[PDB]
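Novice: Sharing a structure with you now.
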Amino acid sequence: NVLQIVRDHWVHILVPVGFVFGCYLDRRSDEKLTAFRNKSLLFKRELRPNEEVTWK
Amino acid sequence: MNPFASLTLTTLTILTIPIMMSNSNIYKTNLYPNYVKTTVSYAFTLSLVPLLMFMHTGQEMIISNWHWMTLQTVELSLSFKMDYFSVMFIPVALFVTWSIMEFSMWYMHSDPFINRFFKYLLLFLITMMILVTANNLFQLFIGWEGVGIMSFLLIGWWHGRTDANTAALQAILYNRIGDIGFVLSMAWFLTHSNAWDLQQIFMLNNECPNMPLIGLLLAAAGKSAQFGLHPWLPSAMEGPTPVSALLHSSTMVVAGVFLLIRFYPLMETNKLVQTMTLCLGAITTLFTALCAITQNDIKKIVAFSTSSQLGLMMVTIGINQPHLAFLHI
Amino acid sequence: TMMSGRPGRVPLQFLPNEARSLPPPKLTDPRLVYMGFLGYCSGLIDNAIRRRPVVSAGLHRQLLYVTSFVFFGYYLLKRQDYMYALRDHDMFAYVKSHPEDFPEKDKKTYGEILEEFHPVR
Amino acid sequence: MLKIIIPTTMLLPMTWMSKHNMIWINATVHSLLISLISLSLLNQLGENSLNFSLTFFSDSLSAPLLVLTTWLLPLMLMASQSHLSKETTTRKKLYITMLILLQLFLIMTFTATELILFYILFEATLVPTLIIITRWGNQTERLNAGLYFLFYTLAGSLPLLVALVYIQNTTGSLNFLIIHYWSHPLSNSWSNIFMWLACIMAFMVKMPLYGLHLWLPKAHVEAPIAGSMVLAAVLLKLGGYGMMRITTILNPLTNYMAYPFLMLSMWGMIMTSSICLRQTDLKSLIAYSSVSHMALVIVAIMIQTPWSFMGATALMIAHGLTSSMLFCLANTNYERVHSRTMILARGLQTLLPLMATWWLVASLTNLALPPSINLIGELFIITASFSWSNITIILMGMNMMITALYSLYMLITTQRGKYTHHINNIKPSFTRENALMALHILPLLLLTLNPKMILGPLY
Amino acid sequence: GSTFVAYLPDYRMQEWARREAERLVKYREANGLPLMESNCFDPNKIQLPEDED
Amino acid sequence: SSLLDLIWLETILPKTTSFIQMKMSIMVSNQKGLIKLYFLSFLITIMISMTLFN
Amino acid sequence: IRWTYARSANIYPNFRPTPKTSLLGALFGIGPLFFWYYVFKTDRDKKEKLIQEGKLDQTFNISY
Amino acid sequence: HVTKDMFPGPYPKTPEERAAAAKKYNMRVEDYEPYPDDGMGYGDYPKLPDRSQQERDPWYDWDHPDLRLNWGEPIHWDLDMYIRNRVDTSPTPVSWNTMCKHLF
Amino acid sequence: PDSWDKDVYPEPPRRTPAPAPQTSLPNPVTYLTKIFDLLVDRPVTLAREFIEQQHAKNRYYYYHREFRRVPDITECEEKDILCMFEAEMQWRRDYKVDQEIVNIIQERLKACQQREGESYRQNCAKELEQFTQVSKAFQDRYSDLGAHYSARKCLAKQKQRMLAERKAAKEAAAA
Ligand SMILES: CCCCCCCCCCCCCCCCCC(=O)OC[C@H](COP(=O)([O-])OCC(O)COP(=O)([O-])OC[C@@H](COC(=O)CCCCCCCCCCCCCCCCC)OC(=O)CCCCCCCCCCCCCCCCC)OC(=O)CCCCCCCCCCCCCCCCC
Ligand SMILES: CCCCCCCCCCCCCCCCC[C@@H](O)O[C@H](CO[C@H](O)CCCCCCCCCCCCCCC)COP(=O)(O)OCC[N+](C)(C)C
Ligand SMILES: CCCCCCCC/C=C\CCCCCCCC(=O)O[C@H](COC(=O)CCCCCCC/C=C/CCCCCCCC)COP(=O)(O)OCCN
């Protein structure tokens, strides 16, 4: 019964929320170290006609 | 195309089916021994064909089918060598095993765990086939250890008996003493020849030094129960009669002589190692015959007879007659 | 370093006016969130000491602890960032005014640099 | 990397807000889910590494250890589920909190871009395990074992802090990437010799090196099952990981400074193995076998060759799994007999046949039977030592021989022969214990199919 | 998880190395080049130190 | 086990350190609480500091 | 219980430093270490001398 | 259930504590004999005959038939050395020196 | 089979002598092989054709990754970290490539040894010589670098090798 099992099983949501939140944190870090995006000598590539960034 | 490879791999493949069925319902009935015996007979009659093909023409093949891993410049892959020795020893071993299992269906009728006994016999047979058909030192070592551990498990068949346990531990001890030399040979070969595959070892070693052949001789002496390490074979009679008849009389024991046969091109280029092999064989055969002369237990007498025969085969190895030694096997 | 005697320093200023030229820390700064977590832990310990339901004894008191910790943490972060900015400013000024003590190293390539080689055996 | 750390941290509020009779279920489920998530880290490159951020990174050496650390926690929970039946809910939650904190500290220890952060977390791990040993310990010697375990490690690791800060002040950074790329040779000087000793002793005391191993049998005997599990599987590998990381800056001094240690291991791996032949306690026997294996790993690391490094990594993983399995078996026997002596419970194969099968498989794995990863690591290290010097094989061979002996000894004394008559409280094995053993053993034989995942970055 | 580990993409670049090696040996055998070269870096780019001893 | 592991390896590092620390603690802490000796030591260390570090 | 306690934990309290125990401990704990050290140092020095002299024939020695 | 006073202690020096230790170990005072008082920590424990476990009587109704021990009897210090699966000291039809000389 | 290049893995013509029965007794080998085809090789080929046509119904391609050459360690400044990183990655990729080259040569040698049978000692001299040359080159390039191998250590080894060669050449010329 909804609103009855919730008070006992809401705790199962914590870890997956941590995982997604964790994924977001990793993504935030990635944006910061974009100082060399499409600037490495090995992967210096001209952009596509409908491209803005080599990777995200 | 070329049914030689297909049939030679099919024999080993179908030898393992009852092991997979050991969790099925047939393992909980009394029909399992007949099932395993029938499987062994079918494997033997199937393996009879590649031997016939070799007899007609002289077919030899290496099958490197699965690539296990690559370590820098070394490549370890699942390779089977199906030369004359393998295609001749497989039918003989399968015939002997079929006879032994048919006999055991009568000898071990009263044993509550007879299905486990047949399961163990089949496992030993699979490990022996793996040892014989191996093309690189790692697969050969896998078979070398498998036959030894299966002998340990089968000797201590009656685990409620102290003597069976101590005999099994003794066999393990002597075989590990041989394993020291086997591992020394493996390390030497990979360090110097940069490969464990037999073809590269044969190419790169025209004048084989003393150390790898010393290691191989030590391993062969350990597993074939030569004079230095003999007592384990006679003490290994604590096990059941069927086990002694196949594992210790005609199949597992000849592993050391077979290993020396496998590396016969390198043995003929060393004169000191052949002298040591001949001397060790001579002392082994005479000491074991002298012991068997006055023994009173029939099983011990035949065990000493087997040890003397193995010593004679090593003597044959010493005088540079490997094919004769294989025929005597 | 000892920036106590730095010239033009107001004797008892927590944050001088020149500290307002630096970017203020964001409210979602990890240090601020850590300070809030410390306040929450303090509230939980306070509830445990008084023998009260630890999680839900007083929501107002826990909120007060969290807010006070956040406030003081924000001020502390501003002061710390200002001090580090001063240290870097003094560093750069000194190296600019003393070129003889910091000569430009002649850029040398590895192709013309002999390094001894030690084999592993 | 945060996708592994954040759920582990969220494990704590989950445990503390769980029902009084559901803590084990949720803890096990979410630990297994975290292990599944951490399985993604096995995807590695032949290039440098997976540099997630400025603070954490992963390598082909850290990945197997992280996966093993994440896989360990469910097994520890299942092992500890039995003997904590009569414990208050708050204290069970404290125990699970200690386990979760230890896992979190190990997870952030194995990534550790910077050496000072690595030291901070590697010393932080000392607290939860010390509390576990000294609080939930059966015997009165748990206090002395905790003191020994704490003080050996602290005495070893205190000079390491001075060495690391000195390194940062001279070179300018402790980031591992900059350390590797800007590495310079070490001159033959007394200052550099003491630098080497400070950098090495902290990790060598935790392996443990022979002669510095007095703490390990005590900390293994007096700890609960979870403590023995974690300290035998992962906490011993902290020293090996540390030496593998730190040896990049100790060259070419290590070419001749390693001689005193190599001998101590090369002889020690023999001596302790012989100690295993005459032992009246299962836990002491397994602890001494662990000392022998870690001595062999020390030799591999000090040789400093590629094959040595891959063999050491494989041996670390295999030894961790096998030792945890053996300790689980010993604890299952203890929970029936309550004696922890080898000669009391005999002929157990007559009573518990599947447990006898588990004993046989664990002994075969400890015996280094091919093609198990135990033998892969053992053989790689043996070959590398043979290349180092042709005489080493002798000692190596002896050890191998002795190894098999005591393993089968442990199999024969406890399982074969005639059952003891006066022990009649030997209940049939539970499904929980059998599941624990299966979850221990199946990963070993699965890793045997793909060795390249545990052969380190030098593969 | 075992299936996921089995089918991991070749980020270690084994087949890439195989193919590159095949192309290099093909080229060097066709044009007669002596397979692998003893020097990893061309001597034209290293400024050696004159001894004058 | 007995001679090396249980006897001498325990004698060298742990037991020697424990014995030394216990003895030093006993020597340091064993004071009767008299300010006479305390101020006598104060005077001695004052003269030592005056005559030694300058 | 008495047998196990006597085997494990009753050694050190009954241990007294005597010339016999001191000499046996010194021998069995130091002699083997220095002996193996001398053996391996001699072997490796000989190998290094042969390598420097160039007369070792290290062909096909690729993996180390 | 085991008290502090029945655990093994230090080497007995006076006959009173010698008899007390003999009583503790469940053997006669005249049969009791501790190890010599050297540095090795044998201590209080009795010096039982070095006879192996194999040559014990195979027909006695022991409480432990496999190990051929009785419950409560003093245990040899090296029991794990003689467990019938290891070295045994049973008499042989030929003397030891003669066998060694002949094989050598 | 077109799955591999024939020139990289050269193989002999291996002409086989035609059957020449001398007696009237029918050899069971031919009957066994014919029943083997009839019972195994036909259904296997049928299933392979079915699978091949199923694959042909849905075709998609994958490409070999190309890498651009980057300045190496010999043209790198002392403390410049970015070009050092690029040089290190390039050197590691080259190292893997040479390892695979040695692997190919070793496979060639093993195949020659098995194929030529008991005439291998004379009929595989060319492969033995190629393997000797490649092994010498690889040992010169990459031996004794250690567990922590890097481009700078290889460069230092190569530089000391050039020192030895130059000194020996000068001494021989001035002998
Ligand atoms: C990188 C680190 C990451 C994590 C940080 C680590 C620390 C975290 C917490 C820090 C402290 C804060 C809380 C502690 C207060 C103490 C209260 C307590 O004892 O617990 C009772 C209480 C429950 O009990 P109760 O029913 O209320 O009443 C029982 C009485 O309170 C009391 O019961 P009792 O008196 O009847 O029972 C007595 C018992 C009770 O006595 C205690 O338990 C004392 C508490 C431990 C001392 C902590 C000291 C300060 C913290 C130090 C942290 C050190 C970290 C460094 C690592 C080293 C670890 C030592 O004492 C004993 O059993 C004696 C035996 C001694 C055993 C060994 C002692 C070891 C202690 C060391 C613990 C250190 C970590 C603590 C973890 C949290 C513990 C609650 O526990 C809690 O509820 C609090 C847990 C956390 C609440 C989570 C709520 C959040 C979920 C919703 C939001 C979701 C978040 C995500 C956002 C997005 C989602 C949408
Ligand atoms: C019990 C009664 C018998 C019933 C069973 C009968 C059937 C027998 C089958 C069982 C084994 C027989 C051998 C058959 C092997 C075939 C499968 C094998 O070939 O696949 C392996 C694959 O196996 C995996 O690689 C290994 C498993 C992964 C190991 C991870 C363990 C799971 C995580 C748990 C936590 C780990 C804790 C320890 C830390 C690491 C290797 O394949 P590979 O040649 O490479 O390439 C695969 C194909 N590619 C090319 C498309 C990629
Ligand atoms: C199980 C317990 C083990 C405990 C650890 C044992 C190892 C102890 C390591 C030595 C202690 C001091 C390490 C210092 C940290 C390294 C820093 C360094 O090396 O810098 C040196 C400084 O080196 C030192 O000062 C070291 C002096 C040692 C002082 C403390 C002695 C401690 C005992 C030493 C003997 C025991 C060491 C081995 C013990 C083995 C374990 C039992 C250079 O400094 P500069 O003066 O600027 O350079 C000179 C040129 N201008």
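Going by the structure tokens order, chains are called A, B, ..., each with residues numbered from 1, while ligands are numbered from 1 in the order shown.
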Write as a PyMOL selection string the residues around ligand 2, taking 8 Å as the cut-off and counting only C-alpha atoms and all ligand atoms.
Specialist: (chain B and resi 19-23+66-68) or (chain D and resi 35-36+39+64-69+71-72+317+321+442-444+446-450+453-454) or (chain E and resi 1-9)
Novice: Selected residues, C-alpha atoms, written as a PDB file, in the first residue's frame, please.
Specialist:
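Dumped to part.pdb:
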```pdb
ATOM      1  CA  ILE B  19      31.957 -34.506 -16.073  1.00  0.00           C
ATOM      2  CA  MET B  20      29.413 -31.880 -17.131  1.00  0.00           C
ATOM      3  CA  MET B  21      26.570 -34.354 -16.553  1.00  0.00           C
ATOM      4  CA  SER B  22      27.851 -35.095 -13.030  1.00  0.00           C
ATOM      5  CA  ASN B  23      25.302 -32.551 -11.759  1.00  0.00           C
ATOM      6  CA  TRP B  66      42.531 -20.589 -28.443  1.00  0.00           C
ATOM      7  CA  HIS B  67      44.887 -17.696 -27.682  1.00  0.00           C
ATOM      8  CA  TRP B  68      45.075 -17.441 -23.897  1.00  0.00           C
TER       9      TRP B  68
ATOM     10  CA  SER D  35      30.587  -3.709  -6.582  1.00  0.00           C
ATOM     11  CA  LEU D  36      28.716  -4.041  -9.877  1.00  0.00           C
ATOM     12  CA  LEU D  39      33.272  -3.379 -12.188  1.00  0.00           C
ATOM     13  CA  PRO D  64      41.844  -5.005  -9.459  1.00  0.00           C
ATOM     14  CA  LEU D  65      42.427  -3.895  -5.873  1.00  0.00           C
ATOM     15  CA  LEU D  66      39.454  -1.518  -5.984  1.00  0.00           C
ATOM     16  CA  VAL D  67      37.221  -4.235  -7.436  1.00  0.00           C
ATOM     17  CA  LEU D  68      38.359  -6.694  -4.760  1.00  0.00           C
ATOM     18  CA  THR D  69      37.818  -4.104  -2.013  1.00  0.00           C
ATOM     19  CA  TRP D  71      33.506  -7.100  -3.605  1.00  0.00           C
ATOM     20  CA  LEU D  72      34.782  -7.872  -0.099  1.00  0.00           C
ATOM     21  CA  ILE D 317      44.797 -10.769  -5.857  1.00  0.00           C
ATOM     22  CA  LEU D 321      40.819 -14.326  -2.295  1.00  0.00           C
ATOM     23  CA  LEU D 442      33.826 -18.754  -8.439  1.00  0.00           C
ATOM     24  CA  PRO D 443      35.607 -15.396  -9.052  1.00  0.00           C
ATOM     25  CA  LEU D 444      39.000 -17.149  -8.836  1.00  0.00           C
ATOM     26  CA  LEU D 446      36.543 -16.950 -13.588  1.00  0.00           C
ATOM     27  CA  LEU D 447      39.619 -14.708 -13.379  1.00  0.00           C
ATOM     28  CA  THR D 448      41.638 -17.722 -14.514  1.00  0.00           C
ATOM     29  CA  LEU D 449      39.930 -17.313 -17.914  1.00  0.00           C
ATOM     30  CA  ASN D 450      40.959 -13.634 -18.262  1.00  0.00           C
ATOM     31  CA  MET D 453      42.698  -8.051 -15.910  1.00  0.00           C
ATOM     32  CA  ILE D 454      44.970  -8.749 -12.925  1.00  0.00           C
TER      33      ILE D 454
ATOM     34  CA  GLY E   1      29.326  -8.596 -14.705  1.00  0.00           C
ATOM     35  CA  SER E   2      31.326 -11.508 -16.099  1.00  0.00           C
ATOM     36  CA  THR E   3      29.677 -11.025 -19.495  1.00  0.00           C
ATOM     37  CA  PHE E   4      30.370  -7.283 -19.303  1.00  0.00           C
ATOM     38  CA  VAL E   5      34.048  -7.922 -18.539  1.00  0.00           C
ATOM     39  CA  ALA E   6      34.303 -10.479 -21.350  1.00  0.00           C
ATOM     40  CA  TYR E   7      32.996  -8.064 -24.004  1.00  0.00           C
ATOM     41  CA  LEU E   8      34.980  -5.000 -22.936  1.00  0.00           C
ATOM     42  CA  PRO E   9      36.156  -2.897 -25.901  1.00  0.00           C
TER      43      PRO E   9
END
```
Novice: If we count only C-alpha atoms, which residues of chain D reach to within 12 Å of chain C? Please list them as an mmCIF file with C-alpha atoms, in the first residue's frame.
Specialist:
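Printed below is iface_37.cif as written:
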```cif
data_model
loop_
_atom_site.group_PDB
_atom_site.id
_atom_site.type_symbol
_atom_site.label_atom_id
_atom_site.label_comp_id
_atom_site.auth_asym_id
_atom_site.auth_seq_id
_atom_site.Cartn_x
_atom_site.Cartn_y
_atom_site.Cartn_z
ATOM 1 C CA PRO D 13 22.654 7.129 6.374
ATOM 2 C CA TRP D 16 21.448 4.269 10.350
ATOM 3 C CA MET D 17 17.891 4.866 9.085
ATOM 4 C CA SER D 183 62.059 11.513 -11.954
ATOM 5 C CA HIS D 184 65.801 11.860 -11.357
ATOM 6 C CA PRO D 185 68.442 9.362 -10.213
ATOM 7 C CA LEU D 186 69.385 9.121 -6.544
ATOM 8 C CA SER D 187 73.062 9.628 -5.769
ATOM 9 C CA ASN D 251 66.547 4.356 -8.401
ATOM 10 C CA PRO D 252 69.373 3.488 -8.870
ATOM 11 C CA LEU D 253 69.903 3.060 -5.126
ATOM 12 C CA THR D 254 67.447 0.140 -4.955
ATOM 13 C CA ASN D 255 69.872 -1.911 -7.063
ATOM 14 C CA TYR D 256 72.010 -2.427 -3.958
ATOM 15 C CA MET D 302 62.377 -5.653 -4.950
ATOM 16 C CA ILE D 303 63.530 -7.422 -8.132
ATOM 17 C CA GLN D 304 61.896 -4.583 -10.118
ATOM 18 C CA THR D 305 61.313 -6.213 -13.505
ATOM 19 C CA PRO D 306 58.117 -6.268 -15.598
ATOM 20 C CA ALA D 384 61.907 -13.271 -12.823
ATOM 21 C CA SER D 385 63.966 -14.310 -9.792
ATOM 22 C CA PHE D 386 65.639 -17.003 -11.902
ATOM 23 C CA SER D 387 66.674 -14.297 -14.352
ATOM 24 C CA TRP D 388 67.876 -12.256 -11.365
ATOM 25 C CA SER D 389 70.031 -15.198 -10.230
#
```
Novice: At a cut-off of 6 Å, list the chain H residues touching chain G, using only C-alpha atoms, as an MDAnalysis selection string.
Specialist: chainID H and resid 39:41 43
Novice: Give me a file of those residues, with C-alpha atoms, as a compact mmCIF listing (two decimals), in the first residue's frame.
Specialist:
```txt
# COMPACT_ATOMS: atom_id res chain seq x y z
CA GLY H 39 66.35 -20.49 28.41
CA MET H 40 63.87 -22.37 26.23
CA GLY H 41 60.38 -21.88 27.58
CA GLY H 43 58.77 -24.46 31.80
```
Novice: With only C-alpha atoms as the counted atoms, please give the residues lying no more than 12 Å from residue 360 of chain D, apart from itself and same-chain residues fewer than 6 positions off, as a VMD selection string.
Specialist: (chain B and resid 149 152 to 153) or (chain D and resid 322 325 to 326 329 349 353 to 354 366 to 367 369 407 to 412 414 to 416 437 441)
Novice: Which distance in Å separates atom CA of residue 158 of chain I and atom CA of residue 145 of chain I, to one decimal?
Specialist: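 One can read the atom CA of residue 158 of chain I to atom CA of residue 145 of chain I distance as 11.1 Å.
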Novice: Could you produce a table of the residues of chain D lying within 12 Å of ligand 1, with the nearest pair of atoms per residue and their separation in Å rounded to one decimal, using only C-alpha atoms and all ligand atoms, ordered by chain and increasing residue number, as CSV?
Specialist:
```
residue,atom,partner,partner_atom_place_in_ligand_line,distance
D:5,CA,ligand 1,1 (C),9.4
D:6,CA,ligand 1,3 (C),9.5
D:7,CA,ligand 1,96 (C),10.0
D:8,CA,ligand 1,3 (C),8.9
D:9,CA,ligand 1,3 (C),5.8
D:10,CA,ligand 1,96 (C),6.7
D:11,CA,ligand 1,4 (C),9.6
D:12,CA,ligand 1,86 (C),7.0
D:13,CA,ligand 1,88 (C),4.1
D:14,CA,ligand 1,91 (C),7.0
D:15,CA,ligand 1,85 (C),8.3
D:16,CA,ligand 1,85 (C),5.1
D:17,CA,ligand 1,83 (O),6.4
D:18,CA,ligand 1,83 (O),9.6
D:19,CA,ligand 1,26 (O),10.5
D:20,CA,ligand 1,26 (O),9.8
D:87,CA,ligand 1,63 (O),10.0
D:88,CA,ligand 1,37 (O),8.2
D:89,CA,ligand 1,37 (O),8.7
D:90,CA,ligand 1,37 (O),5.7
D:91,CA,ligand 1,63 (O),5.0
D:92,CA,ligand 1,63 (O),8.7
D:93,CA,ligand 1,79 (C),8.2
D:94,CA,ligand 1,43 (O),6.4
D:95,CA,ligand 1,67 (C),7.9
D:96,CA,ligand 1,77 (C),9.8
D:97,CA,ligand 1,77 (C),6.2
D:98,CA,ligand 1,59 (C),7.3
D:99,CA,ligand 1,59 (C),10.4
D:100,CA,ligand 1,4 (C),9.2
D:101,CA,ligand 1,2 (C),6.8
D:102,CA,ligand 1,57 (C),8.5
D:103,CA,ligand 1,1 (C),10.6
D:104,CA,ligand 1,1 (C),7.3
D:105,CA,ligand 1,1 (C),7.5
D:106,CA,ligand 1,1 (C),11.1
D:107,CA,ligand 1,1 (C),11.0
D:108,CA,ligand 1,1 (C),9.4
D:109,CA,ligand 1,1 (C),11.7
D:120,CA,ligand 1,57 (C),11.3
D:121,CA,ligand 1,57 (C),9.7
D:122,CA,ligand 1,57 (C),11.8
D:123,CA,ligand 1,58 (C),10.4
D:124,CA,ligand 1,57 (C),6.7
D:125,CA,ligand 1,58 (C),8.0
D:126,CA,ligand 1,58 (C),8.7
D:127,CA,ligand 1,58 (C),5.7
D:128,CA,ligand 1,59 (C),5.9
D:129,CA,ligand 1,59 (C),9.6
D:130,CA,ligand 1,60 (C),9.7
D:131,CA,ligand 1,68 (C),6.3
D:132,CA,ligand 1,68 (C),7.9
D:133,CA,ligand 1,68 (C),10.5
D:134,CA,ligand 1,68 (C),9.1
D:135,CA,ligand 1,67 (C),6.6
D:136,CA,ligand 1,67 (C),8.6
D:137,CA,ligand 1,67 (C),11.8
```
Novice: Which residues, written as a list in words, have at least one atom at most 8 Å from segment 36-39 of chain G, with only C-alpha atoms counted and residues fewer than 2 positions away on the same chain left out?
Specialist: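 The residues satisfying every condition are residues 259, 260 and 263 of chain D; 32, 33, 34, 41, 42 and 43 of chain G.
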Novice: For chain C, work out the contacting residues on chain G at 12 Å, counting only C-alpha atoms, and write them as a VMD selection string.
Specialist: chain G and resid 44 to 45 47 to 48 51 to 52 63 to 64
Novice: For chain D, report every residue with an atom at most 6 Å from chain B (counting only C-alpha atoms), formatted as a list in words.
Specialist: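 Close enough to count are residues 370, 383, 397, 401, 416, 417 and 418 of chain D.
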Novice: Only C-alpha atoms, please: the residues just picked out, written as a PDB file, in the first residue's frame.
Specialist:
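That gives us again.pdb:
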```pdb
ATOM      1  CA  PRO D 370      47.550 -24.796 -12.529  1.00  0.00           C
ATOM      2  CA  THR D 383      61.008 -16.895 -13.520  1.00  0.00           C
ATOM      3  CA  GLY D 397      61.454 -24.835  -5.139  1.00  0.00           C
ATOM      4  CA  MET D 401      57.267 -28.150  -1.879  1.00  0.00           C
ATOM      5  CA  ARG D 416      40.021 -37.205   7.065  1.00  0.00           C
ATOM      6  CA  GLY D 417      40.359 -40.040   9.545  1.00  0.00           C
ATOM      7  CA  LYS D 418      37.926 -40.907  12.332  1.00  0.00           C
TER       8      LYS D 418
END
```
Novice: I'd like a table as a Markdown table: residues in chain F with an atom no more than 10 Å from ligand 3, each row giving the shortest atom pair and its distance in Å to one decimal, only C-alpha atoms and all ligand atoms counted, sorted by chain and rising residue number.
Specialist:
```
| residue | atom | partner | partner_atom_place_in_ligand_line | distance |
| --- | --- | --- | --- | --- |
| F:12 | CA | ligand 3 | 42 (C) | 9.5 |
| F:13 | CA | ligand 3 | 42 (C) | 7.6 |
| F:14 | CA | ligand 3 | 1 (C) | 9.4 |
```
Novice: Specify as a ChimeraX atom specification all residues of chain E found within 12 Å of chain B, counting only C-alpha atoms.
Specialist: /E:14-15,17-18
Novice: Using only C-alpha atoms, select each residue of chain E with any atom at most 10 Å away from an atom of chain I, and give the selection as a PyMOL selection string.
Specialist: chain E and resi 13-27+29-30+34-43+45-51
